[PDB]
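After the structure tokens below, expect a handful of questions from me.
Read from first to last, the chains carry the letters A, B, C, D and E; within each, the first residue is number 1.
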Amino acid sequence: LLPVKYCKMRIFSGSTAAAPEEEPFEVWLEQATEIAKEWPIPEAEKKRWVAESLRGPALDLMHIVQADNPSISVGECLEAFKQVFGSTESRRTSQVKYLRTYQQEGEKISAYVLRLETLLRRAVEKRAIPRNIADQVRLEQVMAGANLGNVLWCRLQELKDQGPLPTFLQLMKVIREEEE
Amino acid sequence: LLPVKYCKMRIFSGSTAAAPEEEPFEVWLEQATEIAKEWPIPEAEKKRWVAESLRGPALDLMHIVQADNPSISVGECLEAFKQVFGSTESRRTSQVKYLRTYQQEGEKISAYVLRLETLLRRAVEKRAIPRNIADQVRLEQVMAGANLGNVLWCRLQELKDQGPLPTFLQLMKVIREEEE
Amino acid sequence: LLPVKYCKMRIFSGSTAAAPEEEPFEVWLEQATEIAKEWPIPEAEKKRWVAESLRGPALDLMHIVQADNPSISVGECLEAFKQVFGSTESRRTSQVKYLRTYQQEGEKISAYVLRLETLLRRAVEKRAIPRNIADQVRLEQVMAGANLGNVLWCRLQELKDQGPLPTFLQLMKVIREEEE
Amino acid sequence: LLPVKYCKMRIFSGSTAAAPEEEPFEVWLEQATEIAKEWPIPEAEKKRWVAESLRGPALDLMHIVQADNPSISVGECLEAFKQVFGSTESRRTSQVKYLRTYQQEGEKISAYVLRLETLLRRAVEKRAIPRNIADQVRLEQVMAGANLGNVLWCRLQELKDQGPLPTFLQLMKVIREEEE
Amino acid sequence: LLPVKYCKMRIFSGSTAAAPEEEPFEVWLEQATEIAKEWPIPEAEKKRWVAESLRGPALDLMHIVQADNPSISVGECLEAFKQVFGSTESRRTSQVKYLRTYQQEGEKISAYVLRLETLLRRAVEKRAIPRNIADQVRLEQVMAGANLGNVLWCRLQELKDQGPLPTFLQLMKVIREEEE
């Protein structure tokens, strides 16, 4: 036979002693929600294919939750996982971490705005930023936090004046022209 | 022709000092009973699929058991594995191990109460605790074994006197709201 | 699409710096003898599937042994592997290692008689014990080897005196009852 | 039970603290562009298999880009990846890196000219070296940067004086005839 | 719905600092020549399955070789790999490297004679040693290069005087019996 390419199931544990093959919880929750919502197979199998992706403390929770209610849906199992493992960030601490992110790692301007944007996305899920200015606070924090050249600095400020508040892909296209 | 998303076998070994990817026995027995009862495959291949999850002392038991009776069923193999490796606990010993279990130096309180809830389920399956007092022995064992940061100590002492005591998911909802 | 469990080939090497993913030779020899004896495929292709389980020094032995004789059987290759890598136990080191093996460090008595039984199979295949008394030397070595009290000793001695010499499974059943 | 030969998905992550399994981005982009262009599967499942090769910061860029515009093509995702992680060399910096690259302590002459040729290809793709003299700057940089042992310096000076100019494989044939 | 066995593709890299999974080149070339000769698919598929076995410097050679001539066959690619990485040794150098090879400072005598026998096969393929004296040079080179002592020295010199000299497997049996 011709060779097989394959992807591992992403495994989650909740353990503080996390292995290199174990993901952070949000990555696993995307896989688990795909199994719950998008796979064609019955919920009596979807319970099992979620459990196969768990080991250690997080697998114990799958047992605890089914012991409390054998009739539970997979979606409601994931609500229990969200309840337990969903992050402890406050509005204050998400805002501080978003504002005190500052190109320290020698990043390109494009790489810095990628890292920053992960925290901005988080802050917008917490509603810690108004969605109607999420683009403005991106420009603000990039212009505060990045070692800009003037030719890009004035181009961002022109877009800020004109009203085309960049989406992340628009801000990237604008950064592409000056960074290349 | 395309990548197949495929899943890790749950390895077991029976050694005290097990490797980081090797499961506790109860989790392995759940996999092995699925191979025994549920898979469509012929029984000569069921033995193969059981044995290819074993390593070290547990694989040696499979060899011993097969050598004394080549005609043995996979069900009677798993009865031998239960009879060797299965948990030995009783009413008094399970209550003691539960009540003796305190918060370890590296544990966050939310992780400790999750670990502790597994021990409570163990004790309830041994009929060592009546389910109708499980909430009491949660709050009390948490308060006896963990440090509670003074502010959560007051909140759990309030809840202990409140009347309607927390279920585990609600207790975690509270404990996460103090982990922030 | 739907995931299923993959089973990794058990690679062997004979290297002194053995990797965690490399089995001890006896485990590999079971896999290789299965490929030799049980697989339906032609012997030229059996040589290939045996070779794909080897790397480093043990793969070089496959090349050396084929270079001496291209017509060689897989069985004769495995005789060369047994010669080179199989353990050098004598009828006096097997007996001493067996008889010197006590229960240790607070092992479960069941886990001890399992550990002990692996050495008794080693000694019986060396014919370093008469097969017709293997159960006798097992009972005696357990009674000498396991630190004990209570009726367990009395029950084993009763079975020894009565004449119903236990199989390993019957011995294990009795040991669990007094271990719990 | 017959084994299939398998090939692992080359994972990428974009962290500067990269793990030993993770490729440089240029190799990952060759896999990702195969998925985008060649595989017969619909774009939703193409996006899934591209994303399933990612871990950490690179996966965060995929999530950001899909959230910022769900209508985006796979090719447009890869354009975002090219911008963020693709190396921004210049005619100045590439010429410097090429000419600066001398033979390390451990490199044999063939291993050195192989490493060196990768940097020459890099520089030629930026038009930093005219293709019609690429071979000239190869032989010259070999002589400038190699610690050619005694008679190798004499032989390479005769080869710089050859007349017609070697392609890389012809230069390798010559170097390998000397190498002992 | 079927669980499956997996064999790892033998990755090669050509770095002198080779990682623990990575083969010596001659073993990789045996895999790549299987892909070139024996697999039924077109040359475009063959090129891909060869490239997906390569990592680091050796993958860069595959890019260089294809970029010079996209019309190249996989057979001609493997000739370029043989030329760059495949060993070139003369009769003088193969004789010297066999004779200069002593027991390594932490090595066992049994591992040494197996390591040494690989170098004898190498030297016989260069026609650097006549096959009809290979046994003589095995005993002499073991005795010259190993930290021998005790009745092993006596038994080996006895075997040198015996008339018909050991085969490799018989010499290993003797050295293993003294290893105990």
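Criterion: contacts are C-beta pairs under 8 Å (C-beta built on N, C-alpha and C of every residue); 3 or more make two chains touch, one makes a residue touch a chain.
Steps from chain A to chain D, minimised over paths through touching chains, total 1. Sharing over half of its contact pairs with D-E by residue number, the repeated interface among B-C, B-D or A-E is B-C. Comparing chain pairs B-C and A-C by the number of C-beta pairs in contact, the larger count belongs to B-C.
Centre-to-centre separation of chain A and chain C, using mean CA positions: 49 Å.
Work out the mean CA point of chain A and of chain B, and you get 30 Å between them. Taken residue by residue, chain B touches two or more other chains at 2-8, 49, whereas all remaining positions touch fewer. Residues 4-9, 16, 19, 49, 52, 55, 57, 59-61, 63-65, 67-69, 72, 80, 83-85, 88 of chain D are the ones touching chain A in the complex. Within the complex formed with chain A, the residues of chain E that make contact are 6, 9, 39, 41, 45, 49, 52. In the complex of the two chains, the chain C residues touching chain B come out as 1, 3-8, 20, 23, 27, 107-108, 110-111, 114-115, 117-118, 121, 167-169, 172-173, 176, 179-180.
Taken in their complex, chain C has these residues touching chain A: 2-3, 6.
On the side of chain B, the complex with chain D involves touching residues 2-3, 5, 45, 48.
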